[PDB]
Every structure is written in structure tokens, then in C-alpha cells.
>>> print(open('run36.cif').read())   # mmCIF, N, CA and C atoms
data_work
loop_
_atom_site.group_PDB
_atom_site.id
_atom_site.type_symbol
_atom_site.label_atom_id
_atom_site.label_comp_id
_atom_site.auth_asym_id
_atom_site.auth_seq_id
_atom_site.Cartn_x
_atom_site.Cartn_y
_atom_site.Cartn_z
ATOM 1 N N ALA A 411 255.353 -77.058 79.132
ATOM 2 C CA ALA A 411 256.445 -76.184 78.724
ATOM 3 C C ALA A 411 256.100 -75.534 77.391
ATOM 4 N N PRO A 412 256.615 -74.339 77.110
ATOM 5 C CA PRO A 412 256.387 -73.739 75.790
ATOM 6 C C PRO A 412 257.103 -74.511 74.697
ATOM 7 N N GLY A 413 256.342 -75.218 73.867
ATOM 8 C CA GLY A 413 256.924 -76.028 72.816
ATOM 9 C C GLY A 413 256.465 -77.471 72.854
ATOM 10 N N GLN A 414 255.375 -77.736 73.571
ATOM 11 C CA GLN A 414 254.803 -79.071 73.647
ATOM 12 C C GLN A 414 253.295 -78.979 73.462
ATOM 13 N N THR A 415 252.717 -80.062 72.948
ATOM 14 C CA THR A 415 251.277 -80.187 72.792
ATOM 15 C C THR A 415 250.828 -81.528 73.353
ATOM 16 N N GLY A 416 249.618 -81.555 73.890
ATOM 17 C CA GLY A 416 249.071 -82.782 74.427
ATOM 18 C C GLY A 416 247.939 -82.497 75.395
ATOM 19 N N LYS A 417 247.502 -83.568 76.061
ATOM 20 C CA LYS A 417 246.457 -83.440 77.071
ATOM 21 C C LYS A 417 246.920 -82.567 78.228
ATOM 22 N N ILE A 418 248.215 -82.607 78.536
ATOM 23 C CA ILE A 418 248.761 -81.843 79.648
ATOM 24 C C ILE A 418 249.307 -80.492 79.197
ATOM 25 N N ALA A 419 249.540 -80.308 77.899
ATOM 26 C CA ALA A 419 250.175 -79.094 77.406
ATOM 27 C C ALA A 419 249.175 -78.060 76.899
ATOM 28 N N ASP A 420 248.110 -78.485 76.239
ATOM 29 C CA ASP A 420 247.155 -77.510 75.720
ATOM 30 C C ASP A 420 245.714 -77.814 76.096
ATOM 31 N N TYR A 421 245.336 -79.092 76.169
ATOM 32 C CA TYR A 421 243.939 -79.441 76.416
ATOM 33 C C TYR A 421 243.472 -78.957 77.782
ATOM 34 N N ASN A 422 244.395 -78.817 78.730
ATOM 35 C CA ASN A 422 244.046 -78.321 80.055
ATOM 36 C C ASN A 422 244.526 -76.890 80.280
ATOM 37 N N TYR A 423 245.813 -76.631 80.057
ATOM 38 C CA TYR A 423 246.388 -75.326 80.347
ATOM 39 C C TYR A 423 247.665 -75.148 79.539
ATOM 40 N N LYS A 424 247.791 -73.991 78.893
ATOM 41 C CA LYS A 424 248.846 -73.717 77.927
ATOM 42 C C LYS A 424 249.877 -72.747 78.495
ATOM 43 N N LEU A 425 251.127 -72.936 78.070
ATOM 44 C CA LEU A 425 252.217 -72.026 78.382
ATOM 45 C C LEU A 425 252.562 -71.229 77.129
ATOM 46 N N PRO A 426 252.617 -69.901 77.212
ATOM 47 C CA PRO A 426 252.865 -69.092 76.012
ATOM 48 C C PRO A 426 254.280 -69.257 75.486
ATOM 49 N N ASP A 427 254.433 -68.996 74.186
ATOM 50 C CA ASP A 427 255.726 -69.115 73.522
ATOM 51 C C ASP A 427 256.716 -68.039 73.950
ATOM 52 N N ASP A 428 256.246 -66.957 74.575
ATOM 53 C CA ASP A 428 257.120 -65.916 75.101
ATOM 54 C C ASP A 428 257.090 -65.879 76.624
ATOM 55 N N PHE A 429 256.632 -66.959 77.252
ATOM 56 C CA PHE A 429 256.592 -67.033 78.704
ATOM 57 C C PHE A 429 257.987 -66.930 79.305
ATOM 58 N N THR A 430 258.090 -66.173 80.395
ATOM 59 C CA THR A 430 259.296 -66.108 81.206
ATOM 60 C C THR A 430 258.898 -66.333 82.655
ATOM 61 N N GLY A 431 259.576 -67.261 83.321
ATOM 62 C CA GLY A 431 259.241 -67.564 84.699
ATOM 63 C C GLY A 431 259.864 -68.873 85.135
ATOM 64 N N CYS A 432 259.258 -69.477 86.157
ATOM 65 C CA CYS A 432 259.822 -70.674 86.778
ATOM 66 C C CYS A 432 258.726 -71.690 87.063
ATOM 67 N N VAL A 433 258.865 -72.885 86.525
ATOM 68 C CA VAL A 433 257.974 -73.985 86.869
ATOM 69 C C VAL A 433 258.571 -74.738 88.050
ATOM 70 N N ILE A 434 257.700 -75.199 88.945
ATOM 71 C CA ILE A 434 258.096 -75.907 90.153
ATOM 72 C C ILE A 434 257.319 -77.210 90.205
ATOM 73 N N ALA A 435 258.034 -78.320 90.342
ATOM 74 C CA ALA A 435 257.406 -79.626 90.468
ATOM 75 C C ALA A 435 258.055 -80.375 91.618
ATOM 76 N N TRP A 436 257.235 -80.994 92.463
ATOM 77 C CA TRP A 436 257.791 -81.799 93.541
ATOM 78 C C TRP A 436 256.863 -82.961 93.865
ATOM 79 N N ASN A 437 257.424 -83.935 94.580
ATOM 80 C CA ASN A 437 256.775 -85.220 94.821
ATOM 81 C C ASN A 437 255.771 -85.075 95.954
ATOM 82 N N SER A 438 254.508 -84.851 95.592
ATOM 83 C CA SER A 438 253.412 -84.805 96.550
ATOM 84 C C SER A 438 252.636 -86.110 96.610
ATOM 85 N N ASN A 439 253.293 -87.237 96.343
ATOM 86 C CA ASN A 439 252.634 -88.534 96.425
ATOM 87 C C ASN A 439 252.261 -88.913 97.850
ATOM 88 N N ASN A 440 252.741 -88.178 98.853
ATOM 89 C CA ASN A 440 252.379 -88.477 100.234
ATOM 90 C C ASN A 440 250.936 -88.076 100.525
ATOM 91 N N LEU A 441 250.623 -86.786 100.386
ATOM 92 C CA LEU A 441 249.272 -86.314 100.671
ATOM 93 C C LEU A 441 248.296 -86.687 99.563
ATOM 94 N N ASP A 442 248.731 -86.601 98.303
ATOM 95 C CA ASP A 442 247.836 -86.880 97.187
ATOM 96 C C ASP A 442 247.430 -88.346 97.119
ATOM 97 N N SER A 443 248.177 -89.237 97.763
ATOM 98 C CA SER A 443 247.794 -90.644 97.804
ATOM 99 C C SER A 443 246.568 -90.784 98.694
ATOM 100 N N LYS A 444 245.396 -90.863 98.074
ATOM 101 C CA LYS A 444 244.127 -90.910 98.785
ATOM 102 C C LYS A 444 243.538 -92.303 98.630
ATOM 103 N N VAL A 445 243.193 -92.930 99.759
ATOM 104 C CA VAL A 445 242.594 -94.260 99.722
ATOM 105 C C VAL A 445 241.283 -94.227 98.948
ATOM 106 N N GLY A 446 240.646 -93.060 98.872
ATOM 107 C CA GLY A 446 239.469 -92.887 98.049
ATOM 108 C C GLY A 446 239.742 -92.747 96.568
ATOM 109 N N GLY A 447 240.996 -92.886 96.145
ATOM 110 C CA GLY A 447 241.331 -92.827 94.739
ATOM 111 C C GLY A 447 241.471 -91.439 94.162
ATOM 112 N N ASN A 448 241.421 -90.398 95.002
ATOM 113 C CA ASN A 448 241.643 -88.997 94.638
ATOM 114 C C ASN A 448 241.048 -88.621 93.285
ATOM 115 N N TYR A 449 239.832 -89.084 93.010
ATOM 116 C CA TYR A 449 239.188 -88.833 91.727
ATOM 117 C C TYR A 449 238.556 -87.450 91.633
ATOM 118 N N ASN A 450 238.783 -86.580 92.613
ATOM 119 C CA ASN A 450 238.279 -85.214 92.567
ATOM 120 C C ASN A 450 239.157 -84.285 91.734
ATOM 121 N N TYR A 451 240.097 -84.828 90.964
ATOM 122 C CA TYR A 451 241.035 -84.040 90.169
ATOM 123 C C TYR A 451 240.759 -84.313 88.694
ATOM 124 N N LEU A 452 240.117 -83.358 88.028
ATOM 125 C CA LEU A 452 239.581 -83.543 86.689
ATOM 126 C C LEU A 452 240.294 -82.638 85.692
ATOM 127 N N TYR A 453 239.990 -82.864 84.415
ATOM 128 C CA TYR A 453 240.492 -82.023 83.337
ATOM 129 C C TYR A 453 239.652 -82.258 82.092
ATOM 130 N N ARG A 454 239.471 -81.200 81.306
ATOM 131 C CA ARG A 454 238.775 -81.307 80.031
ATOM 132 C C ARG A 454 239.544 -82.218 79.078
ATOM 133 N N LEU A 455 238.804 -82.977 78.273
ATOM 134 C CA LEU A 455 239.383 -83.941 77.345
ATOM 135 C C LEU A 455 239.254 -83.451 75.913
ATOM 136 N N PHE A 456 240.392 -83.361 75.226
ATOM 137 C CA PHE A 456 240.457 -83.261 73.768
ATOM 138 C C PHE A 456 239.561 -82.140 73.242
ATOM 139 N N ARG A 457 239.850 -80.915 73.673
ATOM 140 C CA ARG A 457 239.050 -79.792 73.207
ATOM 141 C C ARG A 457 239.257 -79.593 71.711
ATOM 142 N N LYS A 458 238.166 -79.257 71.018
ATOM 143 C CA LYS A 458 238.152 -79.263 69.559
ATOM 144 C C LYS A 458 239.167 -78.300 68.955
ATOM 145 N N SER A 459 239.592 -77.286 69.705
ATOM 146 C CA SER A 459 240.600 -76.344 69.236
ATOM 147 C C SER A 459 241.738 -76.279 70.245
ATOM 148 N N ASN A 460 242.646 -75.325 70.086
ATOM 149 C CA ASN A 460 243.730 -75.134 71.037
ATOM 150 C C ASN A 460 243.503 -73.860 71.839
ATOM 151 N N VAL B 362 245.803 -93.634 53.302
ATOM 152 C CA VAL B 362 245.522 -92.453 54.109
ATOM 153 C C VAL B 362 245.765 -92.802 55.568
ATOM 154 N N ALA B 363 246.545 -91.969 56.249
ATOM 155 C CA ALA B 363 246.948 -92.223 57.623
ATOM 156 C C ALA B 363 246.293 -91.215 58.555
ATOM 157 N N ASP B 364 245.718 -91.721 59.644
ATOM 158 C CA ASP B 364 245.044 -90.882 60.631
ATOM 159 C C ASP B 364 246.054 -90.410 61.676
ATOM 160 N N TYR B 365 247.027 -89.629 61.201
ATOM 161 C CA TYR B 365 248.120 -89.195 62.064
ATOM 162 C C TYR B 365 247.648 -88.303 63.203
ATOM 163 N N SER B 366 246.446 -87.737 63.099
ATOM 164 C CA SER B 366 245.881 -86.995 64.219
ATOM 165 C C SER B 366 245.627 -87.913 65.410
ATOM 166 N N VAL B 367 245.074 -89.102 65.158
ATOM 167 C CA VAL B 367 244.606 -89.943 66.256
ATOM 168 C C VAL B 367 245.693 -90.895 66.747
ATOM 169 N N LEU B 368 246.669 -91.239 65.901
ATOM 170 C CA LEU B 368 247.787 -92.051 66.374
ATOM 171 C C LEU B 368 248.531 -91.344 67.496
ATOM 172 N N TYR B 369 248.717 -90.031 67.362
ATOM 173 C CA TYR B 369 249.312 -89.228 68.423
ATOM 174 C C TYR B 369 248.467 -89.217 69.692
ATOM 175 N N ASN B 370 247.167 -89.495 69.584
ATOM 176 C CA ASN B 370 246.246 -89.310 70.699
ATOM 177 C C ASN B 370 246.344 -90.396 71.762
ATOM 178 N N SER B 371 246.887 -91.565 71.431
ATOM 179 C CA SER B 371 246.972 -92.646 72.407
ATOM 180 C C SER B 371 247.988 -92.301 73.489
ATOM 181 N N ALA B 372 247.516 -92.194 74.731
ATOM 182 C CA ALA B 372 248.355 -91.785 75.856
ATOM 183 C C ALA B 372 249.345 -92.849 76.288
ATOM 184 N N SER B 373 249.401 -94.008 75.627
ATOM 185 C CA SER B 373 250.398 -95.012 75.986
ATOM 186 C C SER B 373 251.810 -94.519 75.705
ATOM 187 N N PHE B 374 251.966 -93.636 74.721
ATOM 188 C CA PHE B 374 253.279 -93.174 74.290
ATOM 189 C C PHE B 374 253.975 -92.392 75.395
ATOM 190 N N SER B 375 255.023 -92.980 75.968
ATOM 191 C CA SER B 375 255.758 -92.357 77.060
ATOM 192 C C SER B 375 256.972 -91.569 76.596
ATOM 193 N N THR B 376 257.577 -91.943 75.472
ATOM 194 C CA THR B 376 258.688 -91.197 74.885
ATOM 195 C C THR B 376 258.321 -90.920 73.429
ATOM 196 N N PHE B 377 257.780 -89.732 73.182
ATOM 197 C CA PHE B 377 257.273 -89.329 71.873
ATOM 198 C C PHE B 377 258.076 -88.118 71.414
ATOM 199 N N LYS B 378 259.192 -88.364 70.729
ATOM 200 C CA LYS B 378 260.081 -87.298 70.279
ATOM 201 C C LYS B 378 260.036 -87.238 68.758
ATOM 202 N N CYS B 379 259.422 -86.189 68.223
ATOM 203 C CA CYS B 379 259.293 -86.044 66.779
ATOM 204 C C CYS B 379 260.344 -85.058 66.269
ATOM 205 N N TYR B 380 261.552 -85.591 66.069
ATOM 206 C CA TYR B 380 262.653 -84.772 65.574
ATOM 207 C C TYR B 380 262.366 -84.224 64.184
ATOM 208 N N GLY B 381 261.640 -84.977 63.365
ATOM 209 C CA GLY B 381 261.359 -84.547 62.011
ATOM 210 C C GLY B 381 260.522 -83.288 61.948
ATOM 211 N N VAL B 382 259.258 -83.385 62.359
ATOM 212 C CA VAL B 382 258.334 -82.260 62.346
ATOM 213 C C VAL B 382 257.511 -82.292 63.625
ATOM 214 N N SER B 383 256.758 -81.221 63.847
ATOM 215 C CA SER B 383 255.896 -81.152 65.015
ATOM 216 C C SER B 383 254.768 -82.175 64.889
ATOM 217 N N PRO B 384 254.329 -82.770 66.001
ATOM 218 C CA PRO B 384 253.346 -83.865 65.900
ATOM 219 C C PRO B 384 252.029 -83.461 65.258
ATOM 220 N N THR B 385 251.399 -82.385 65.735
ATOM 221 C CA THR B 385 250.091 -82.005 65.214
ATOM 222 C C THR B 385 250.128 -81.664 63.729
ATOM 223 N N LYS B 386 251.296 -81.320 63.192
ATOM 224 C CA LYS B 386 251.419 -81.003 61.775
ATOM 225 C C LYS B 386 251.642 -82.234 60.909
ATOM 226 N N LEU B 387 251.578 -83.434 61.483
ATOM 227 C CA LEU B 387 251.679 -84.659 60.698
ATOM 228 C C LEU B 387 250.513 -84.808 59.729
ATOM 229 N N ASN B 388 249.432 -84.073 59.972
ATOM 230 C CA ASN B 388 248.182 -84.260 59.247
ATOM 231 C C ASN B 388 248.190 -83.664 57.842
ATOM 232 N N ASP B 389 248.898 -82.555 57.631
ATOM 233 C CA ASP B 389 248.700 -81.793 56.402
ATOM 234 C C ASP B 389 249.643 -82.228 55.284
ATOM 235 N N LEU B 390 250.938 -82.334 55.572
ATOM 236 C CA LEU B 390 251.911 -82.600 54.521
ATOM 237 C C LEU B 390 251.707 -83.985 53.921
ATOM 238 N N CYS B 391 252.065 -84.123 52.644
ATOM 239 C CA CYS B 391 251.901 -85.385 51.934
ATOM 240 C C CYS B 391 253.244 -86.076 51.760
ATOM 241 N N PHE B 392 253.320 -87.296 52.270
ATOM 242 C CA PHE B 392 254.571 -88.029 52.364
ATOM 243 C C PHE B 392 254.863 -88.723 51.040
ATOM 244 N N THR B 393 256.104 -88.607 50.555
ATOM 245 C CA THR B 393 256.496 -89.321 49.340
ATOM 246 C C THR B 393 256.379 -90.827 49.538
ATOM 247 N N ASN B 394 257.022 -91.337 50.584
ATOM 248 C CA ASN B 394 256.848 -92.697 51.063
ATOM 249 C C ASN B 394 257.084 -92.664 52.563
ATOM 250 N N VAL B 395 257.320 -93.826 53.155
ATOM 251 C CA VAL B 395 257.501 -93.883 54.597
ATOM 252 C C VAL B 395 258.301 -95.128 54.939
ATOM 253 N N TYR B 396 259.151 -94.999 55.957
ATOM 254 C CA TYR B 396 259.812 -96.116 56.599
ATOM 255 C C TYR B 396 259.149 -96.321 57.954
ATOM 256 N N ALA B 397 258.847 -97.572 58.286
ATOM 257 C CA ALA B 397 258.241 -97.904 59.577
ATOM 258 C C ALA B 397 259.108 -98.955 60.261
ATOM 259 N N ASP B 398 260.124 -98.514 60.999
ATOM 260 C CA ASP B 398 261.078 -99.441 61.600
ATOM 261 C C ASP B 398 260.654 -99.711 63.039
ATOM 262 N N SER B 399 260.310 -100.961 63.336
ATOM 263 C CA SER B 399 259.778 -101.349 64.636
ATOM 264 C C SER B 399 260.752 -102.276 65.348
ATOM 265 N N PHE B 400 260.891 -102.104 66.659
ATOM 266 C CA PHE B 400 261.664 -103.042 67.476
ATOM 267 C C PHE B 400 261.386 -102.736 68.945
ATOM 268 N N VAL B 401 262.105 -103.416 69.837
ATOM 269 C CA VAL B 401 262.004 -103.193 71.275
ATOM 270 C C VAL B 401 263.414 -103.132 71.846
ATOM 271 N N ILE B 402 263.659 -102.160 72.720
ATOM 272 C CA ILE B 402 264.980 -101.916 73.278
ATOM 273 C C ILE B 402 264.868 -101.790 74.792
ATOM 274 N N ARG B 403 266.005 -101.529 75.431
ATOM 275 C CA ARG B 403 266.057 -101.359 76.874
ATOM 276 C C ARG B 403 265.337 -100.076 77.282
ATOM 277 N N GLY B 404 264.951 -100.014 78.557
ATOM 278 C CA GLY B 404 264.331 -98.808 79.074
ATOM 279 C C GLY B 404 265.297 -97.662 79.273
ATOM 280 N N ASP B 405 266.589 -97.962 79.410
ATOM 281 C CA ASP B 405 267.580 -96.910 79.603
ATOM 282 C C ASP B 405 267.962 -96.251 78.284
ATOM 283 N N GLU B 406 268.156 -97.049 77.232
ATOM 284 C CA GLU B 406 268.644 -96.557 75.951
ATOM 285 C C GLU B 406 267.525 -96.069 75.041
ATOM 286 N N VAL B 407 266.374 -95.703 75.608
ATOM 287 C CA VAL B 407 265.253 -95.247 74.791
ATOM 288 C C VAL B 407 265.610 -93.976 74.031
ATOM 289 N N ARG B 408 266.421 -93.104 74.629
ATOM 290 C CA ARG B 408 266.784 -91.838 74.008
ATOM 291 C C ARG B 408 268.168 -91.863 73.369
ATOM 292 N N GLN B 409 268.838 -93.018 73.343
ATOM 293 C CA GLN B 409 270.084 -93.101 72.590
ATOM 294 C C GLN B 409 269.854 -93.060 71.088
ATOM 295 N N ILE B 410 268.645 -93.365 70.626
ATOM 296 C CA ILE B 410 268.331 -93.270 69.191
ATOM 297 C C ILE B 410 267.847 -91.844 68.952
#
>>> encode(input="run36.cif", output="C-alpha cells")
Amino acid sequence: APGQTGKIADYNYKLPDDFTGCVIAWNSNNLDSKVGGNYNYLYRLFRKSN
Amino acid sequence: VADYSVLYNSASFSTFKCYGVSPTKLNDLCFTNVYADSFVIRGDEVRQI
């Protein structure tokens, strides 16, 4: 959301302070639950800047 | 000297509400003193404080 910082807020993907739109979140624990541990979902860690 | 940059970095923090100032800006300002009040409460009343 515009107004948060963290691994999920800036280190991966940022929302602008003048953003207008709609975020959508829903429970995809059915398909995403992979017996293989679904480790194909990555993200950059702690980038030196924002 | 407090490493306020890295204390914020531990992902264990599930309810991190910095009413005082923004978290990343904890690094620059110089604190006159500090209160460190620690305890444990219910999982429901986490945001009653």
C-alpha cells in the first residue's frame, strides 16, 4: 500500500504515493499449496536503495 | 548507539505500528532518552494499545 516500507512494500515492488486504483487479494491456498514446496516464487532481498 | 536500521529488519514482527515516526527514519534523529516497556498480551488486544 502507499505508505508502507518493507520486504513486501519496496524491496520487491512499490506503490506510488499518488497511486489510484484497486488492490485485489484472495485466498489461493488451494492451488498454491504445492507438495513440492512451491519454491519457484522468489523475490530480491534487501536492495541497497529504494 | 542503536542499530535501528536492522532491528526493523527482523521479519518476526507481525504487528509493527510506529505511531511516533516512520520506521526507516529511526536512524537519523538523536533521541534525548528512551523508554523500553516490554510485556506480553493477548493476540486479540494487540492493537488496543
>>> atom_distance(input="run36.cif", atom1="atom CA of residue 421 of chain A", atom2="atom N of residue 457 of chain A")
5.1 Å
>>> residues_around(input="run36.cif", residues="segment 425-427 of chain A", least_positions_apart="4", cutoff="6 Å", atoms="only N, CA and C atoms", output="PyMOL selection string")
chain A and resi 411-412+419
>>> closest_residue(input="run36.cif", among="B:410, B:372, B:397, B:380", to="chain A", atoms="only C-alpha atoms")
B:372
>>> resolve_selection(input="run36.cif", expression="the PyMOL selection byres ((chain A and name CA) within 9 of (chain B and name CA))", output="number ranges by chain")
A: 414-417, 456
>>> atom_distance(input="run36.cif", atom1="atom CA of residue 459 of chain A", atom2="atom C of residue 435 of chain A")
28.7 Å
>>> atom_distance(input="run36.cif", atom1="atom N of residue 365 of chain B", atom2="atom N of residue 389 of chain B")
8.1 Å
>>> select_by_dssp(input="run36.cif", residues="chain A", states="alpha helix (DSSP H)", output="list in words")
residues 439, 440, 441 and 442 of chain A
>>> resolve_selection(input="run36.cif", expression="the PyMOL selection byres (((chain A and resi 453 and name CA) around 9) and name CA)", output="JSON, numbers by chain")
{"A": [417, 421, 422, 451, 452, 454, 455]}
>>> write_last_selection(input="run36.cif", atoms="N, CA and C atoms", output="JSON list (two decimals), keeping the file's coordinate frame")
[["chain", "number", "residue", "atom", "x", "y", "z"],
["A", 417, "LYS", "N", 247.50, -83.57, 76.06],
["A", 417, "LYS", "CA", 246.46, -83.44, 77.07],
["A", 417, "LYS", "C", 246.92, -82.57, 78.23],
["A", 421, "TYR", "N", 245.34, -79.09, 76.17],
["A", 421, "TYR", "CA", 243.94, -79.44, 76.42],
["A", 421, "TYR", "C", 243.47, -78.96, 77.78],
["A", 422, "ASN", "N", 244.40, -78.82, 78.73],
["A", 422, "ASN", "CA", 244.05, -78.32, 80.06],
["A", 422, "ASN", "C", 244.53, -76.89, 80.28],
["A", 451, "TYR", "N", 240.10, -84.83, 90.96],
["A", 451, "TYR", "CA", 241.04, -84.04, 90.17],
["A", 451, "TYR", "C", 240.76, -84.31, 88.69],
["A", 452, "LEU", "N", 240.12, -83.36, 88.03],
["A", 452, "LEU", "CA", 239.58, -83.54, 86.69],
["A", 452, "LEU", "C", 240.29, -82.64, 85.69],
["A", 454, "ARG", "N", 239.47, -81.20, 81.31],
["A", 454, "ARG", "CA", 238.78, -81.31, 80.03],
["A", 454, "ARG", "C", 239.54, -82.22, 79.08],
["A", 455, "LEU", "N", 238.80, -82.98, 78.27],
["A", 455, "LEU", "CA", 239.38, -83.94, 77.34],
["A", 455, "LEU", "C", 239.25, -83.45, 75.91]]
>>> residues_around(input="run36.cif", residues="residue 387 of chain B", least_positions_apart="6", cutoff="8 Å", atoms="all atoms listed in the file", output="VMD selection string")
chain B and resid 363 to 366
